[PDB]
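Colleague: Partial complex here, more coming in a sec:
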Amino acid sequence: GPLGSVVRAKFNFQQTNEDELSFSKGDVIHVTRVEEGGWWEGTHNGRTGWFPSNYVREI
């Protein structure tokens, strides 16, 4: 499943909330939480946060 998966940002995403994970296309993200609704939580490098699940793709 996506939980615990490693995905890659397909598009740049700029957080709109402090708990969101900004990232650039190509960024590798570790999915740490999956919720239905368009957002997952995960980490990229030293950052953590929610991000649009449709902004990433499985590697």
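Modeller: Perfect, thanks for sending it. Residues are numbered from 1 along each chain as shown, chains lettered A, B, ... in the order given.
Colleague: mind checking the SS state of residue A:54?
Modeller: What DSSP: H, G, I helix; E, B strand; the rest coil gives for residue A:54 is helix.
Colleague: Residue A:17: what's it in contact with?
Modeller: Counting by C-beta atoms under 8 Å, 6 or more residues apart in numbering, residue A:17 touches residue A:50. C-beta: built from backbone N, CA, C; applies to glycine.
Colleague: how near is residue A:5 to residue A:16?
Modeller: In this view, residue A:5 and residue A:16 are 23 Å apart by C-beta to C-beta, to the nearest Å.
Colleague: put chain B onto that model:
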Amino acid sequence: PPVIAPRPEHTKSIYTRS
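Modeller: Let me put chain B in with the others:
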């Protein structure tokens, strides 16, 4: 870029500050 759904409440916490 793709459409970003509004943050669902079930993904929010007191840390969901804008």
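Colleague: once more on the contacts of residue A:17, this time with chain B?
Modeller: Going by C-beta atoms under 8 Å, 6 or more residues apart in numbering or on different chains, residue A:17 touches A:50, B:7, B:15-18.
Colleague: now swap in residue B:11 and tell me
Modeller: Contact partners of residue B:11, counting by C-beta under 8 Å, 6+ apart, are A:35, A:37, A:39, A:41, A:50.
Colleague: Just among the contacts of residue A:17, which is most surrounded?
Modeller: Ranked by neighbour count (other C-beta atoms under 10 Å in any protein chain shown), the contacts of residue A:17 have residue A:50 at the top, with 27 neighbours.
Colleague: helix or strand for residue B:7, which one?
Modeller: Using DSSP states H and E, residue B:7 is not contained in any helix or strand.
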